[PDB]
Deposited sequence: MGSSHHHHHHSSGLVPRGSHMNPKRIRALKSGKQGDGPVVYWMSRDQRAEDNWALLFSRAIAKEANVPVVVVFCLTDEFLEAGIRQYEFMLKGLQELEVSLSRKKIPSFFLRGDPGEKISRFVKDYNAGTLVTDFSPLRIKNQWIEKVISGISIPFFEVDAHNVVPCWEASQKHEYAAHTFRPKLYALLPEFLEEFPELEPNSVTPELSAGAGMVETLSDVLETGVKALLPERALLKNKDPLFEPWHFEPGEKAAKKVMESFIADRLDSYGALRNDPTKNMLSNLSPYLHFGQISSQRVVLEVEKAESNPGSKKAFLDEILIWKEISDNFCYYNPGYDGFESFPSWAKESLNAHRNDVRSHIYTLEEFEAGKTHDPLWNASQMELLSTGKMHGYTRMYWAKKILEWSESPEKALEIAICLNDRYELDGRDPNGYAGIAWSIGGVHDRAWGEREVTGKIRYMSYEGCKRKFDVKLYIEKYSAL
C-alpha cells in the first residue's frame, strides 16, 4: 500500500473488499500515541493514496469496571492530551462507548468509511471484537503491529519455548525493522465527550476503591504523570541518569534505577521502538545496554508471542509438560500457610517482605521488577491449588498494576508460577520443580529492611 519509509511486513490484511470512497478510519486500541505510531502512520499512507484524510476512532469498553481508578485516570488523561495532539494535525478523534463489535461496525456505516485499520494485540478480547466487526463491514481490515519493533507474526511462527531460542530470531531481523519514524503528515481537508466519560466512570468505581483504615485512598497518583509528553521525559531521564547504573541495580528495589516506562508502554503512550532508537544511539555502559535491551526486545515481545500462539495464556494448560506434571504431583502436599484472595490483597501474610511488595503495589501502582517474582512465587507456595494461585496472581495483577491486563503480565506470571520460558530446578514440596525464591536469598542481594520500612 505505497510508502517509501514503509515496510509492508508491519501490516497484514484481515478482510479483503472494495475500497470505499470515504475517509480511512484508524481503530486505536493498544497504541495510544500520535508520534511513533506505525498503525497511525500506515493509516495516513492509504489516506494520501486515496485522497481522503484519516479519522481516528476509539471505543470505551466496560473492561474498565474490572480495573480501578488508577488505570482509568491514567488512561483517560492521556486521551485528553492525545485529542489535542491529533487536532493540531487536523485529525479528528471520535470516542465511542459500548461493545466494539457493535459500535465500530456501526460507525463504519454511518460515516461511510473507506478503510478500517487497527493495531495489533494478542489478547483474547481483541480477537473477539475483530471477528465480529469483520462480519459487519465490507471495507478492508488492515492490522498493523505498532507496538513491537518486529511484528509478532514475523518474529516467530510458533510458540517459542524460551528466550535463547527466540533471541537469535529477533536480533537477526533487527537491521531490517529497527528504523526511524517518519513525521506524521497532517490532513488536507477536515471532514462522545472525554470530560463526561471520566466523571461518569469515576463515580462508578468509587465504591471499589482501595481504602485505608481511616477511609483514605491508598493509591498515590503523583508518581507517574500520564500522557505522551510526560512519557518522553521519563525516557530522557532514564537514559541520562539511570541507564548507566541499570545493569548493576536492576534487581535492587531499594533504588529507583528502573526505566519506569511500563505504564506508558502498556497504554501505548510511548513507542518501545523509539526507546530502543534513543537507547541504541546512547553511549552508556555496554553491560547495562544489553541488559535493558534484552528486557524491552526479547522479553517484552516474547510476551506477545506467548499470548498470540497460546490462547490459554492465563490458564494452567499453557504451562509446559514438565511443570504441569510436577505441580499435579504436589497437589496433596500440606501447605505451610493458606491465604485467601482478601488476605493477599490486604497484605495479611506472615511475610513482611511479601506485605511490603503488596504495599508498594497498592500505593504506587507499580511493584519493582525483582519483587514481582517473589510476590508471585509465594502466592503459589501459600495457595490451595496451582489454579487458585494463578487466579489470585492475575486478579491482583490486573487490578492494581498500572501495567496490568498486558501480555507482559500474563507471560510474567506464567514464568513465576508455571515455569513458562523457564527450566526445572531443585525438587521441593508444594512448589515442585518450579523456580524457588526465599527470604534469605533476597537478604543477600539487597537491603530488605530498607524495603520494608518504606512500605510499612
Take the full deposited sequence, match it to the modelled residues, and report the stretches without C-alphas. 1-15, 207-215, 481-482
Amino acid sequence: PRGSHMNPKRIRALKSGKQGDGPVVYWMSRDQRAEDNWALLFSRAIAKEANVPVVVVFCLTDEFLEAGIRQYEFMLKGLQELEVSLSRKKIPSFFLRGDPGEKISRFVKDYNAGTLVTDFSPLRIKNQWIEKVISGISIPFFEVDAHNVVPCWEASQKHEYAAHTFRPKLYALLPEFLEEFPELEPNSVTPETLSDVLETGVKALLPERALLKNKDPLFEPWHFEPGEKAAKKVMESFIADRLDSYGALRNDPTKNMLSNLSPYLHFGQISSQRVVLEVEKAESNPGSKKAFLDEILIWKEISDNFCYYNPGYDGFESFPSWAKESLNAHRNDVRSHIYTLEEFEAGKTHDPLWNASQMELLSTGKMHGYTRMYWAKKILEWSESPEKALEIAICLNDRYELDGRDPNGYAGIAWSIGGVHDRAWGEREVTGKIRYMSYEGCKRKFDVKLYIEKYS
From here on, numbers count along this sequence of modelled residues.
Looking at the deposited entry, does 43-51 or 420-428 carry the larger mean Cα B-factor? 43-51
Residue range whose averaged C-alpha B-factor is higher in the record, 195-203 or 316-324: 195-203
Take the CA temperature factors straight from the PDB entry and tell me which of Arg124, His330, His337, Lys213 peaks. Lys213
When you compare the CA B-factors of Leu293, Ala248, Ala231, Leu116 as listed in the entry, which one comes out on top? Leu116
Tertile call for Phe141 (CA temperature factor, within chain, third-based) is the highest
Where the record places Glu236 (Cα B-factor, split into thirds across the chain): lowest
Splitting the chain's C-alpha B-factors into thirds, which one does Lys169 fall into? middle
Chain-wide C-alpha B factor ranking for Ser29, given as lowest, middle or highest third: middle
Considering only modelled residues of the same chain, in which third does the CA B-factor of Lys9 rank: lowest, middle or highest? lowest
